[PDB]
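[1] Experimental structure below, sequence on top.
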Amino acid sequence: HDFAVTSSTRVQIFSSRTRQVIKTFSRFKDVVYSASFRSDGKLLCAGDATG
Amino acid sequence: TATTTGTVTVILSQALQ
Amino acid sequence: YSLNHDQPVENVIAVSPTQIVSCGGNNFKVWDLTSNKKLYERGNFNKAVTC
Amino acid sequence: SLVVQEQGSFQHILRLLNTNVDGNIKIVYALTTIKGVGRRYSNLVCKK
Amino acid sequence: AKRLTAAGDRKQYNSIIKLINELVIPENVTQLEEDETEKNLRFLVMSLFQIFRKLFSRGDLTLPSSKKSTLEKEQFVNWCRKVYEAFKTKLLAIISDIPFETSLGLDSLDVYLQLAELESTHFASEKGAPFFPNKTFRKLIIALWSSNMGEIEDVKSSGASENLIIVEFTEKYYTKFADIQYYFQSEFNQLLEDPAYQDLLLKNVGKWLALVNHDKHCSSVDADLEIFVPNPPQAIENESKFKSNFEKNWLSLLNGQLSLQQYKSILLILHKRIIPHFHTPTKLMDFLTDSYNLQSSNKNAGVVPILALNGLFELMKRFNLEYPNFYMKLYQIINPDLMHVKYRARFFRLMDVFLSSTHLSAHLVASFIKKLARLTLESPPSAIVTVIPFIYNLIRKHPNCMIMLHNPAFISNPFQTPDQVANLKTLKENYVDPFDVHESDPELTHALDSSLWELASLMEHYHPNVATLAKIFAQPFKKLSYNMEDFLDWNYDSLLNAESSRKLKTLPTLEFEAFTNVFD
Amino acid sequence: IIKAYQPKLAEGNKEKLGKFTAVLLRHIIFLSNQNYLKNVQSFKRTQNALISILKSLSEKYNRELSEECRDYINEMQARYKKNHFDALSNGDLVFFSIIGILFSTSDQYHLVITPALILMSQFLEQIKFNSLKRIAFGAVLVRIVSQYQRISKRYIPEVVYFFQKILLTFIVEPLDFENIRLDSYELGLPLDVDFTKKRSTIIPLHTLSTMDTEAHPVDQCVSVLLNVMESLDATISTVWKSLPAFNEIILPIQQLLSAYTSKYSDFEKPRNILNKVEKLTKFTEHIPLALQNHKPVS
């Protein structure tokens, strides 16, 4: 029901019921590259450019 | 120097790809 | 064992335990691990396929 | 491995009003090294 | 003569609209005959020009008084006579335009501009149409194009052609207001139908290049031209129709009969003088990629891929459609020809965007910078200055490629065993560099294992600014980047103009004492 | 004698003595180059004596020698923007010769030589050398830049390109080097000239050379060939042997000289140059490069 998008320095997650932005993630010291979910849907791993 | 015509067909080629 | 897409590969996903799908350049190639061999390739694009 | 582009990259340093504001911080604190501009004037000129 | 001037002044001070028309017809016949005789044979020092000046002032006063309009009761003498006199005078001015082998600043310009302004005032005063002198603009551009040059036909030094009447026309009439260029570009398309005159009207295009290529149009906001004579046929606000007929006449003239210098110039500034002013600038893309794959062994036809890149990038930025297998083509296109071309700055100002990609490989950037290093082995200092910060920018923001410029397996470090340093010695004894220049694909060649000696040898140079811009690799990478478009427009004359003066206190003696050995 | 009297009786005007020395320098440069229909050997004798006394006074006075050098740089720059080569006198040759013979040209930046260095750089790599007069101009330019930076060991990057320009031009008669866009390509030498052993040479005879190149023999062609081979030997002795990228320096030069040794198949200075650069090549800096070895900041 949720999908995560990866902009520059700002990862958003949207919901499929209303298709608006519901949460952000912006504690990223550079551009942020890869957003992925664990298979139990509970934790978001984000690889950024600082390392 | 090319001496055919300058007009557009490779747009059709990679619009047919 | 390695499998050589001639273009620099852009995305590698798995669709089954048997066959995986790797893409680089303007074509995507399906490989099978049991035959250890490329078995499909479609190139119906213009530029490189990116995901 | 082909051409890509965007509408704007991440310039990690930028000069503004002959002041040396850093790039990887936020905007309402970025607009504070300029004298005369502070914690409320920054977000008001940014709201405008 | 002076008697003709006195008779013209008398026939303009008295109305007398039979004998005034007869004397004007006699003076017009004398003016046409004296024009055909003393057209640069006994050169007319303002004789026929002063005759046409008096006739133009008299015809202006007569057009302000009474011209061809609705008659009182069928005025089949005065209105038809003034119309025939105006048409014969304008046709004689066009004849002096078409037959002019010399130009003493008034061969056709004064009479043609006077008849054009009088035709505009006559149209806007008779008010039967709106700018109805655009029908006579057909024969006007026929005359001002058939005013052929003797030896200035597309000179091989500058511009694309050198025609004085055309450049003075596009200075003084064609760009002082806004709608007659639109009507000219439509009437050019309504001209080009039958082959008979268009086989000449498509011969040498550089005169139209200098005529229209000025960046002063109405669809371009950089210099908007003001309001014409006050009878509007919705002409200036019809930019869309203006763009479509612009596109149609441009494609018809670009179809055939290219000169090589005019081809080079129209490819050099096709991207901005031509592309944004069209209604649908997609009809040029196959011409542009034919210029991009134009690889002849002729030495003049090698700049053709360089000038095509700006238009091709404008096309791909507008809407994404490619020339396939891009980067091995961009690899093979550069050579000492491309480094010793005039357009180093104009090539690198697109090379930076084309090589600022995210998807390209360390292999591709390694082959690029090493073959560019072998290239910049042999270059002028004005090429070293423009080639060093681009390669520094690329090796900074692709920091994996530092394995070329640095290798930590070949360091003379103290704290290891004599076994390890003797293994270093036999490795630096048996090491082989696997680079090859003639391989044209970037990812297939071996440029990673081969290091970069060429800029390390380019540090040793006879110019201290090249030394301080070449020791950037021995120094660390604390500085971000250098301003290529505020850094790259530097030629040799500009370089000497730069360091003719500085913080100047420089003097040193000459105690070599090496004269009487070989003084030549 | 007038300069001796002026130096004796110039007690309140030594800046006018400086103007006098600058005027004497300019006058002596445009009289050192006029015409060689006169006594060639005796004129060369009196110009050797003149260059020696000019060095002897340049050791004493420099402060407006440098200023008139700037005056001549502006003069030749105005002439070079006026015209390509036809409004260029031969005074540049004798000016560059006198400044690189008197002046210790081995300083890093100087007011005099460095704008003149980039002037002769653009002279060597700006225009299309349409004739053997400009070819001999370039050959004596390569000789004079080896004379300039013999002792600095300062590598200039234009000599390999000028060698690959004119030496390919002498073997145009082109299927491996296509990006040179040559100037006077199809001349050179006939096919089996058997290298006349002690023929013509450097020939410091510029006013004679502007007719000797219109009336060209094979003598001055092989003179230009062996003169640039001598400056080739000087450069491979003094710069390229010390420079670490010798292997990529000599590759088009070795290709062109193997083209000479495979087409004419008898010349001796190609084979000796190949043997000595093969000796300098069979032990070479063949290192994976490690330039960024840094001492750590405290």
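    Received, thanks. Numbering: from 1, shown residues only, chains lettered A, B, ... in the order given.

[2] Find the closest residue to chain F in chain A.
    Per C-beta to the nearest C-beta, residue A:51 is where chain A lies closest to chain F, at 20.4 Å. (C-beta placed from N, C-alpha, C; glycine too.)

[3] how deep is that residue tucked in, by neighbour count?
    6 (other C-beta atoms under 10 Å in any protein chain shown).

[4] Name all residues that make contact with it.
    Residues near residue A:51 by C-beta atoms under 8 Å, 6 or more residues apart in numbering or on different chains: none.

[5] So it lies in a strand, does it not?
    No - checked against DSSP: H, G, I helix; E, B strand; the rest coil, residue A:51 lies outside a strand; its state is coil.

[6] any idea how far it is from residue F:199?
    Distance of residue A:51 to residue F:199, given as C-beta to C-beta, to the nearest Å: 70 Å.

[7] Kindly report the same for residue E:471.
    Taking C-beta to C-beta, one finds residue E:471 at 46 Å from residue F:199.

[8] So for those two, which residue has more residues nearby?
    Legend: neighbour count by other C-beta under 10 Å for residue E:471 and residue F:199, higher for residue F:199 (15 against 10).

[9] Secondary structure element holding the closest residue to that one other than its chain neighbours?
    Sequence neighbours aside, residue F:219 is the residue nearest to residue F:199 in space, at 4.9 Å (criterion: C-beta to C-beta, 6 or more residues apart in numbering or on different chains). For residue F:219, the element it lies in under DSSP states H and E is helix F:218-238.

[10] Just the C-alpha atoms of that helix, please, in CSV.
    The C-alpha trace of helix F:218-238 is given here as CSV (Å, rounded to 0.1, in the frame of the first residue of the first chain):
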residue,chain,number,x,y,z
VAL,F,218,66.9,19.5,-53.8
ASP,F,219,70.0,20.8,-51.9
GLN,F,220,68.1,23.1,-49.5
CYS,F,221,65.3,20.5,-49.1
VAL,F,222,67.8,17.9,-47.8
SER,F,223,69.5,20.7,-45.9
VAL,F,224,66.2,21.4,-44.1
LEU,F,225,65.8,17.6,-43.6
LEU,F,226,69.2,17.2,-42.0
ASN,F,227,69.0,20.4,-40.1
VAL,F,228,65.8,19.4,-38.4
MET,F,229,67.4,15.9,-37.8
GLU,F,230,70.3,17.7,-36.1
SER,F,231,67.8,19.7,-33.9
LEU,F,232,66.0,16.3,-33.4
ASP,F,233,69.3,14.9,-32.0
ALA,F,234,69.8,18.0,-29.8
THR,F,235,66.2,17.7,-28.4
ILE,F,236,66.5,13.9,-27.8
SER,F,237,69.8,14.6,-26.0
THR,F,238,68.7,17.5,-23.8
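
[11] Run the chain-centre distance for it.
    Mean-position distance between helix F:218-238 and its chain equals 12 Å (C-alpha atoms, centre = their mean, to the nearest Å).

[12] Same question for stretch E:83-101.
    The answer for stretch E:83-101 is 33 Å, by C-alpha atoms, centre = their mean.

[13] OK, contacts around residue 37?
    Here I'm looking at chain A. A:4, A:43-45.

[14] Wait, chain D was what I had in mind.
    D:31, D:45.
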